[PDB]
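Chains as they are written, first to last, in the authors' numbering: chain e, 171 to 226; chain f, 7 to 19, 24 to 267; chain N, 7 to 19, 24 to 267.
Just so you know, even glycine gets a beta-carbon here, dropped at the ideal spot from N, CA and C.
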Amino acid sequence: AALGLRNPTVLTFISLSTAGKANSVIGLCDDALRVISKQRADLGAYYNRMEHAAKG
Amino acid sequence: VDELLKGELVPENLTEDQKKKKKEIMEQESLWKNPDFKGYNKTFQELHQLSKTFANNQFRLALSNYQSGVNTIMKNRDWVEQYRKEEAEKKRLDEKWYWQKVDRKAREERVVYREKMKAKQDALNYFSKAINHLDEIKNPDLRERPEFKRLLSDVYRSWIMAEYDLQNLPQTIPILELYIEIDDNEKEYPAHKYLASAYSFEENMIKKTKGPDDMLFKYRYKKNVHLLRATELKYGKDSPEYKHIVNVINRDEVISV
Amino acid sequence: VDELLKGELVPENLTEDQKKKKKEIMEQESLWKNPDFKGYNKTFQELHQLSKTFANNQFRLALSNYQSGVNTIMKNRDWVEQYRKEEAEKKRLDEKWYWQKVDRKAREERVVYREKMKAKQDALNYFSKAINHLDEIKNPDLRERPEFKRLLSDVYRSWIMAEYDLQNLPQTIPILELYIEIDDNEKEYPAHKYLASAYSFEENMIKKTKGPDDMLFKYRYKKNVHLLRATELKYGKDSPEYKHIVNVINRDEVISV
């Protein structure tokens, strides 16, 4: 739901049974991949600062 | 008479004894005035769900969502009308072949169809929110009021109309059946027309996926019942249209002689 | 006639001499009035278990647990009926395929099964507590009273029905054999219906694990005894069903020509 792959209200998730639908899903996965990448960045950024603090 | 003119469910303000009871409780709550109080046990505060203040607040939230959903549908038709007007009025200096005009036309149809579905999906979310707001009105007395039945039918009708456009026919069956149980909506032929198509979709899926025979028949019987009822409500019984449908249904159904 | 209307086993209050005897003993207990006395040797104080006061307190304890266990079962059936009602009445805006309906139903049947097994276990603990109280009523005279046999049969009946739902069939056999020794409970066909199944379970396990042949035939013979008896009580001797069971039983067992 948070990655945009499922409607948080109606609860229907994406489908690839139609060629026209699949083209629009390609854009959906791009935004889904961006959200995960932005999340992994913040986690790694926290890990880097914590690594400095332990050495300090 | 418009039931949504005031935008409220029930107008909230008489007995001398009741006026005395209301006086003493207000005094008691002043003694225990504590805005930071939070009930550890939720049972008592949940009784507020049966109040008239709660029902009015839920009714207005559903009204707000219903208006937004209708605005989504109506603005889309305004945009589609404006888009077609703008496309026809712009100069095509590099179009000289008939197949070029067919090619240019098909893009406009694809653009229009794309935007319509986006509007239908956006409006459906508003209606689904409006549906949920009315479902948590737990007071049966407030559910029988004309204002509630006026909004409940309008929310159901728009949700059914939009969901059919998204080709989600089987989802419209539960909502359509609750629609014809309110007031005299059962006498509307559009309600039974939609149920005929929706149950035909279910019948094909059982036939296609080779499901149970019992479900195949039930979807077939429900399809015929509402198909015939819609014919009667619009063209009348013992009409030329009605006789046509009876021949079809008898041929389709299984009978024993 | 209800033997549990008053909620007591025996009413505790005549002879002129006996009334005099009780008076002097009450006087002796006044001279030695010592609330802090504790008997080093428990044999004398253990005779209190033969009193009417002891049995009445135990009977109410067994009665109290029995009601809690029965109320536990009945509250569950209210919950299951309420739960099924609520699920069918809520909206499924994302369910458009038949397999989606099948999967949603399968989830509900798991939730219902989970609570039933939980409810049966909760009651079975109560019924076992009720059974434990009744076995420590050591006065044979008070054990013959109509109030006692009324509660004893109800406690056993509720316990056996709960135990069978938990599939602990071999445990029901000792309790069922005690049930059919109370009043004319032996003439109930459900009592012999359960013994038919429970002994069948025992025979299968001896066959499955290659147990002793003596235990194989004993459980086989007992299974036929209570299957034939259950048919006779419900359908009657020399009935078509009774003829059916005799053919089956004669075929299964070993006979000599």
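If you follow the alpha helix (DSSP H) that f/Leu186 is part of, which residue opens it and which one closes it?
Taking the first residue of the second sequence as position 1, residue 186 of chain f is located at position 176. Boundaries of the alpha helix (DSSP H) around f/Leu186: 179-189.
Could you check whether f/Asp262 and f/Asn234 sit closer than 8 Å to each other, using their CB atoms as the reference points?
As a working note, residue 234 of chain f is residue 224 in the second sequence. As a working note, residue 262 of chain f is residue 252 in the second sequence. Result yes, Cβ atoms of f/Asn234 and f/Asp262 sit closer than 8 Å.
Just to confirm, does f/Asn135 get its C-beta within under 7 Å of one of the non-hydrogen atoms of the ligand SAH?
The ligand SAH is not among the ligands present in this structure, which contains no ligands whatsoever.
For N/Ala240 and N/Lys203, the rounded distance between their alpha carbons:
For the purposes of this step, residue 203 of chain N is identified with residue 193 of the third sequence, where counting begins at 1. For the purposes of this step, residue 240 of chain N is identified with residue 230 of the third sequence, where counting begins at 1. Roughly 6 Å separates the two Cα atoms.
Give a yes or no on whether the minimum CB-CB distance between f/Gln181 and chain N is below 8 Å.
As a first step, residue 181 of chain f must be located in the second sequence, where it is residue number 171. So yes, f/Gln181 belongs to the interface.
Would you say f/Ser168 lies against chain e (beta-carbon separation less than 8 Å)?
Start at 1 with the first residue of the second sequence, and residue 168 of chain f comes out as number 158. Not an interface residue.
Where f/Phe47 sits in the DSSP three-state scheme
For this step, residue 47 of chain f is matched to residue 37 along the second sequence. When secondary structure is reduced to three states using DSSP, f/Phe47 falls in the coil class, being assigned neither helix nor strand.
Would e/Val180 and N/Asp104 be called neighbours here (beta carbons separated by less than 8 Å)?
Taking the first residue of the first sequence as position 1, residue 180 of chain e is located at position 10. Taking the first residue of the third sequence as position 1, residue 104 of chain N is located at position 94. Result yes, Cβ atoms of e/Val180 and N/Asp104 sit closer than 8 Å.
Quick check on the DSSP output: what are the complete alpha helix (DSSP H) runs of length 4 or more inside the stretch 80-119 of chain N, in order along the chain?
none
Say whether chain e places a C-beta atom closer than 8 Å to the C-beta of N/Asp104.
The residue labelled residue 104 of chain N in the question sits at position 94 within the third sequence. Judged by the 8 Å Cβ criterion, N/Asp104 is in contact with chain e.
Please look up how many angstroms separate the CB atoms of f/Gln68 and f/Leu162, rounded, as I've assumed it's under 8 Å.
If you number the second sequence from 1, residue 68 of chain f lands on position 58. If you number the second sequence from 1, residue 162 of chain f lands on position 152. Between f/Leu162 and f/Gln68 the Cβ distance is about 12 Å, and since that is not below 8 Å, they are no contact.
Leaving out the 5 sequence neighbours to the left and right, which residues in its chain are closer than 6 Å to N/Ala140 when beta-carbon positions are compared?
In the third sequence, counting from the first residue as 1, residue 140 of chain N sits at position 130. The residues are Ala72, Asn75, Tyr76, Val165.
Would you check if the distance between the CB atom of N/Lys247 and the CB atom of N/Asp175 is smaller than 8 Å?
Taking the first residue of the third sequence as position 1, residue 247 of chain N is located at position 237. Taking the first residue of the third sequence as position 1, residue 175 of chain N is located at position 165. No.
Cβ-based burial, N/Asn260 [other Cβ within 10 Å; buried from 16]:
The count along the third sequence starts at 1 and reaches residue 260 of chain N at position 250. Burial call: exposed.
Count the other C-beta atoms from every protein chain shown that fall within 10 angstroms of the C-beta of e/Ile196, then say buried if there are 16 or more, exposed otherwise.
For the purposes of this step, residue 196 of chain e is taken as the residue at position 26 of the first sequence. Exposed, because fewer than 16 other Cβ atoms sit within 10 Å of the Cβ of e/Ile196.
Taking 8 Å as the threshold (beta carbon to beta carbon), is f/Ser138 in contact with chain e?
Position 128 of the second sequence, counted from the start, is the residue given in the question as residue 138 of chain f. At least one C-beta of chain e is nearer than 8 Å to the C-beta of f/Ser138.
Does chain e have any CB closer than 8 Å to the CB of f/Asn195?
Against the second sequence, residue 195 of chain f aligns to sequence position 185. The Cβ of f/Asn195 sits no closer than 8 Å to any Cβ of chain e.
Determine the DSSP secondary structure at f/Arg155, reduced to helix, strand or coil.
Along the second sequence, one-based indexing puts residue 155 of chain f at 145. It is coil, neither helix nor strand.
Beta-carbon proximity of N/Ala172 to N/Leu205, cut-off 8 Å
In the third sequence, the residue the question calls residue 172 of chain N occupies position 162. In the third sequence, the residue the question calls residue 205 of chain N occupies position 195. 8 Å or more divides the Cβ of N/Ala172 from the Cβ of N/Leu205.
So that I know if they touch, is there some Cβ in chain e lying closer than 8 Å to that of f/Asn135?
For the purposes of this step, residue 135 of chain f is identified with residue 125 of the second sequence, where counting begins at 1. With 8 Å as the cut-off, f/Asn135 counts as an interface residue toward chain e.
Beta-carbon separation of N/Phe158 and N/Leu15 under 8 Å?
Position 148 of the third sequence, counted from the start, is the residue given in the question as residue 158 of chain N. Position 9 of the third sequence, counted from the start, is the residue given in the question as residue 15 of chain N. Yes.
Beta-carbon proximity of N/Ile190 to N/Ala201, cut-off 8 Å
Position 180 of the third sequence, counting from 1, holds the residue named residue 190 of chain N. Position 191 of the third sequence, counting from 1, holds the residue named residue 201 of chain N. In this structure, N/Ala201 lies closer than 8 Å to N/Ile190 by Cβ.
What residues from chain N crowd round e/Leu181, counting only those whose CB sits closer than 9 Å?
Here residue 181 of chain e is taken as the residue at index 11 of the first sequence, counted from 1. Chain N residues near e/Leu181: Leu103, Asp104.
Cα-Cα separation between N/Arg94 and N/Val121, rounded to whole angstroms:
Working through the third sequence from its first residue, we reach residue 94 of chain N at position 84. Working through the third sequence from its first residue, we reach residue 121 of chain N at position 111. Using only the alpha carbons, I get a separation of about 10 Å.
Counting only beta-carbon atoms, is N/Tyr93 nearer than 8 Å to chain f?
Translated into the one-based positions of the third sequence, residue 93 of chain N becomes position 83. No, N/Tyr93 lies away from the interface with chain f (no Cβ there is under 8 Å from its Cβ).
Would you report the Cα separation of N/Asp224 and N/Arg230, rounded to the nearest angstrom?
As a working note, residue 224 of chain N is residue 214 in the third sequence. As a working note, residue 230 of chain N is residue 220 in the third sequence. C-alpha separation (whole angstroms): 10 Å.
Tell me which same chain residues have a C-beta within less than 6 Å of the C-beta of f/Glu118, skipping the five on either side of it?
Indexing the second sequence from 1 puts residue 118 of chain f at position 108. Taken in chain order, the residues that qualify are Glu97.
Cutting at 8 Å between CB atoms, please list the residues of its own chain near f/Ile216, excluding the five before and the five after it.
Residue 216 of chain f sits at position 206 when you count from the first residue of the second sequence. Answer for f/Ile216: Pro222, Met225, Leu226, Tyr229, listed in chain order.
By a C-beta neighbour count over all protein chains shown, 10 Å radius and 16 as the cutoff for buried, is N/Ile265 buried or exposed?
As a position in the third sequence, residue 265 of chain N is number 255, starting the count at 1. So N/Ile265 ends up on the exposed side.
Restricting to runs no shorter than 4 residues, where is the alpha helix (DSSP H) found entirely within the stretch 218-243 of chain N?
none
With a Cβ-Cβ cutoff of 8 Å, do f/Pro184 and N/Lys101 count as a contact?
Here the question's residue 184 of chain f lines up with position 174 in the second sequence. Here the question's residue 101 of chain N lines up with position 91 in the third sequence. Going by C-beta atoms, f/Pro184 is nearer than 8 Å to N/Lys101.
Which partner residues does e/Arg176 have in the DSSP bridge list?
As a first step, residue 176 of chain e is located in the first sequence; it is residue number 6 there, counting from the start. Answer is e/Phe183, bridged to e/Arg176.
Can you find the residues in the same chain that come closer than 8 Å, C-beta to C-beta, to N/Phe137, ignoring five residues on each side of it along the sequence?
Taking the first residue of the third sequence as 1, we reach residue 137 of chain N at position 127. Within the same chain, N/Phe137 has close Cβ partners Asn75, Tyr76, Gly79, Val165, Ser168, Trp169, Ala172.
Go through its chain and collect everything with a Cβ distance to f/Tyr252's Cβ below 8 Å, but skip five positions before and after it.
Here residue 252 of chain f corresponds to residue number 242 of the second sequence, with the count starting at 1. Around f/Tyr252: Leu238, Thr241, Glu242, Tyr245, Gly246.
At the 8 Å Cβ level, is f/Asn178 part of the contact set with chain N, yes or no?
Taking the second sequence and counting its residues from 1, the one referred to as residue 178 of chain f is at position 168. f/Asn178 counts as touching chain N.
Could you list which residues in chain N have their beta carbon closer than 9 Å to that of f/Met215, in chain order?
Indexing the second sequence from 1 puts residue 215 of chain f at position 205. Near f/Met215 (Cβ distances below 9 Å), the residues of chain N are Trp107, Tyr108.
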